[PDB]
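A.B. asks: structure of the sequence below:
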Amino acid sequence: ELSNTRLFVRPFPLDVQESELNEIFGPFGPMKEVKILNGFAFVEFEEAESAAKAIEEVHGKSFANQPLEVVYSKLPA
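C.D. replies: Numbering: from 1, shown residues only. And now the structure:
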């Protein structure tokens, strides 16, 4: 066990929103939470299959200027 379901998506500046995450994460299906901060997104699902595919779709791929950490994000809240 970890957070099992959270996409730690921080390459972008203030430009990222739930609409840009809708462009990237909408292909997976789920996107149950979409916490937006000052250059950071902490997307979330209620199960580990959207996480497994989110990882294989875009973890470590270079978005905007640097790679993603679409994973079991290191935050419990």
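A.B. asks: ranges for the helices of this protein?
C.D. replies: Secondary structure of the chain by DSSP state H: the helices cover 18-25, 48-58.
A.B. asks: okay, those in JSON lines with mean neighbour count next?
C.D. replies: Every residue, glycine included, has its C-beta placed from N, CA and C. Output for the helices of the chain, formatted as JSON lines (neighbours: other CB atoms under 10 Å):
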{"stretch": "helix 18-25", "mean neighbour count": "16"}
{"stretch": "helix 48-58", "mean neighbour count": "17"}
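A.B. asks: can you list the buried residues in stretch 28-37?
C.D. replies: Using 16 or more other CB atoms under 10 Å as the burial criterion, the residues of stretch 28-37 that qualify are 28, 30-31, 34-36.
A.B. asks: tabulate the helices of the chain (CSV), appending distance to residue 74.
C.D. replies: Output for the helices of the chain, formatted as CSV (distance: least, CB to CB, whole Å):
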stretch, distance to residue 74
helix 18-25, 18
helix 48-58, 14
